[PDB]
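**Q** Before anything else, here's the structure in question.
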Amino acid sequence: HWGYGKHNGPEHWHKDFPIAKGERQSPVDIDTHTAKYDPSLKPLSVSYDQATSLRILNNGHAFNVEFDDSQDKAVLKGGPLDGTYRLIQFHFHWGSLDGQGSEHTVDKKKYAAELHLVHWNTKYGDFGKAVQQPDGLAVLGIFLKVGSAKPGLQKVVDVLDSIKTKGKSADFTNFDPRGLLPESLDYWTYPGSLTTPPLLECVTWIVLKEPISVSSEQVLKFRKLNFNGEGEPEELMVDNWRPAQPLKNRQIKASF
Ligand SMILES: [O][B+]1([O])O[C]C2=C1[C]=C([N]C(=S)[N]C1=[C][C]=[C][C]=[C]1)[C]=[C]2
Ligand SMILES: [Zn+2]
């Protein structure tokens, strides 16, 4: 099936998922000089204090840390959002080299990786229903730049040996996602899509201006993961990012 190889990568996805050539595809390049400051945009409201992480898993495309979303424990509200969006999971996209890895770019600059905190609009009842709606998901995107280590990220890095291959999972309770946020919540926002098949156009993207810093060792360990399943030929999980797509008829708004 789909992947990030030369034979099944982003340039091939449109054959099975024609929406790949849609009107509101992600990611996109964020041109800082063209983004429109919108004084009407409200501050984001990230309430993760009651977050309940459950487990971490390697699904062959990235590693996902899942949360209990059967109640309004960890939610995202405010900003450009109407309503309450519940955190269901987070994952990253990264590169084979420090100079690439993020999906969104800023004035064409690529970061070493990009964290996606995925949330779904509770008015739709469940995640499956939400992805069929234009305002079904709110993904908070955060860039990672290589520099000093991110203490909060280390708990995730240390458990990766236990989910090296596709289909492996491990218990991952009591993880606090607040440890993954930068100091500032200034952001850019635009309507887009999942950056992976089915590439549904159901996402309100909220991308933070301020990157978090992670050490070269932390991202290096991301690169030791495998796309393949155990017992299959080893393919390192790197460059699991889709390149910037045409902005088309959309405006990127800035909260600052
Ligand atoms: O492209 B992404 O990596 O970036 C942001 C993001 C990504 C993937 C998903 N999708 C998830 S969690 N499940 C899913 C599975 C099947 C159909 C629809 C959705 C959600 C958010
Ligand atoms: Zn993602």
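We number each residue from 1, going along the chain as drawn.
According to its header, this structure was worked out by X-ray crystallography, 1.7 Å.
The backbone N, Cα and C atoms fix where each Cβ goes, and this holds for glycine too.
Per Swiss-Prot, active site, proton donor/acceptor is recorded for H61. Annotated Zn(2+) binding site per Swiss-Prot: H91, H93, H116, in sequence order. What Swiss-Prot records for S162, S169 is phosphoserine. Taken from Swiss-Prot, the feature substrate binding site covers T195, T196.
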**Q** Please list the recorded positions from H61, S162, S169, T195 whose Cβ falls under 6 Å of any atom in ligand 1.
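**A** Among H61, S162, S169, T195, near ligand 1: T195.
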**Q** Of all the recorded positions given, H61, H91, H93, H116, which residue's CB has the most CB neighbours within 10 A?
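**A** Buried the deepest by this measure is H93.
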**Q** Cβ within 8 Å of the Zn(2+) site centroid (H91, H93, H116 excluded): which residues?
**A** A62, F90, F92, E103, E114, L115
**Q** Output: those recorded positions from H61, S162, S169 whose CB lies less than 6 Å from an atom of ligand 2, in sequence order; none if no residue fits.
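**A** Close enough to ligand 2 is none of the recorded positions.
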**Q** Out of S162, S169, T195, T196, which of the recorded positions has the smallest number of neighbouring Cβ atoms within 10 Å?
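**A** Taking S162, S169, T195, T196 as the recorded positions, the minimal 10 Å Cβ count falls on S162.
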